[PDB]
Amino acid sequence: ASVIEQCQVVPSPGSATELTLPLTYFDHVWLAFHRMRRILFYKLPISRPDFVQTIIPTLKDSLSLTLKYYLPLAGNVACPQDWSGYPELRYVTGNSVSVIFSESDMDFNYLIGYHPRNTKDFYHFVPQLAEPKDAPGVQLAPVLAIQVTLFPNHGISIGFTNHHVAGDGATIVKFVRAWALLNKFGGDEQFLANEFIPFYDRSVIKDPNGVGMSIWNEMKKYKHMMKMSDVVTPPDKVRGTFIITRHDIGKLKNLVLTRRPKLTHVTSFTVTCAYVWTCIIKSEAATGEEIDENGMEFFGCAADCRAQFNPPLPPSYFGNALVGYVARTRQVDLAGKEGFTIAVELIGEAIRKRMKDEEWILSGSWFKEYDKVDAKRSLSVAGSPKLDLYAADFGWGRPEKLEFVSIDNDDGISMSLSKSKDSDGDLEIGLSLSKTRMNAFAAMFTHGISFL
């Protein structure tokens, strides 16, 4: 149910008029990627009246204020039509962010549970995101849209939809964080920490090998691959959160040590993913299935490159700086007894390999050449322990539940990962699966840990 659309939410008075940003080679690939959807739920004893009275005006302000900092987010990513080259992120005085305030009679308490919940109901709280308009010899595409949604008496949700080409994940979260700060302290910029102020000037993304060009004036020939429209198809899968616990991580690390006592790279992340990985693989057998126990199996994830020789890139640099790491193995051994130990070996050495490896980013940019993986047989991680979007206090306190809605659309299994709401060192795992798989998996997760 719709309350008021602010088709416009322009950046605050003091904002610049020109901001156009040509895409780094980091940005290019995301053009062929679907859009990102996150929701934040906030438990509140809020009435409708004062949602309209307060929440709207105050959010409306604090937002525009935010955008004066995170300017491209009102912008539009320009996409070249002929073989002229250079996609830019463009912002011009006039264009703005679409936000919708809606009200909803759905069970809040249900939605914010950790128990598996019908995946299709989360699309109601994430904005749909406008259709492409035209400029000369180019076409523009909205980069961000917000839905704020009241649950009379229980809380507010805040949905976000955005193009990965603009954002980063690291970059988008900084932005929410900052918007929250700005609302929380009623737009006193003296509260906006250095860390939440974006750093724009590119070229600090040095590119000697002309890969920004190369990695593009070649994609430039497959535009049907780069869907410019945001087309959402909610699937019937099921979405549930899993909490692996400070202690339990410890126990896992402990297990590794004992068994394979080499290995420098045994971090929380890598035990966690390694654990999930084996549960996925193991839980599949459980659901009566024809599976090639001999076929290869993949795990992948995106780094964040800002730590990079030269001087490590300013931790506020705006675009994308993701690079993918991939692990691989036959299912046979991943499903057999020393599977978790092997999982940790692989995932770990996937990272320990291409770390301070600047060459492989800039040169041998066949970082863009990890294209012999079976998307269908793989496991992709979304977030990062580092990213604490649970810190996004808007004034109504921290959130009750996070949902990374766009882990759904992936062609073969994707998992969210963030810090717990609650206990310092615990982690949240998000998953989106067929109800029977989900059942299978929830039982494997819960079984292994209980022997730890």
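Note that residue numbering follows the sequence shown and begins at 1.
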Of 420-428 vs 59-67, the stretch with the larger average CA B-factor in the entry is 420-428
Given the B-factors recorded for C-alpha atoms, which segment has the greater mean, 360-368 or 300-308?
-> 360-368
Return the residue from 164, 220, 253, 174 that has the highest Cα B-factor in the entry.
-> 220
Top Cα B-factor in this entry, restricted to 246, 354, 282, 154, sits on 354
Classify residue 138 as lowest, middle or highest third according to the C-alpha B-factor given in the PDB entry, relative to its own chain.
-> highest
Ranked against its chain, the third holding the CA B-factor of residue 269 = lowest
By the record's CA B-factor, is residue 403 among the lowest, middle or highest third of residues in the chain?
-> lowest
When the modelled residues of the chain are sorted by Cα temperature factor, does residue 118 land in the lowest, middle or highest third?
-> middle
Sorting the chain's modelled residues by C-alpha B-factor and splitting them into thirds places residue 187 in the highest
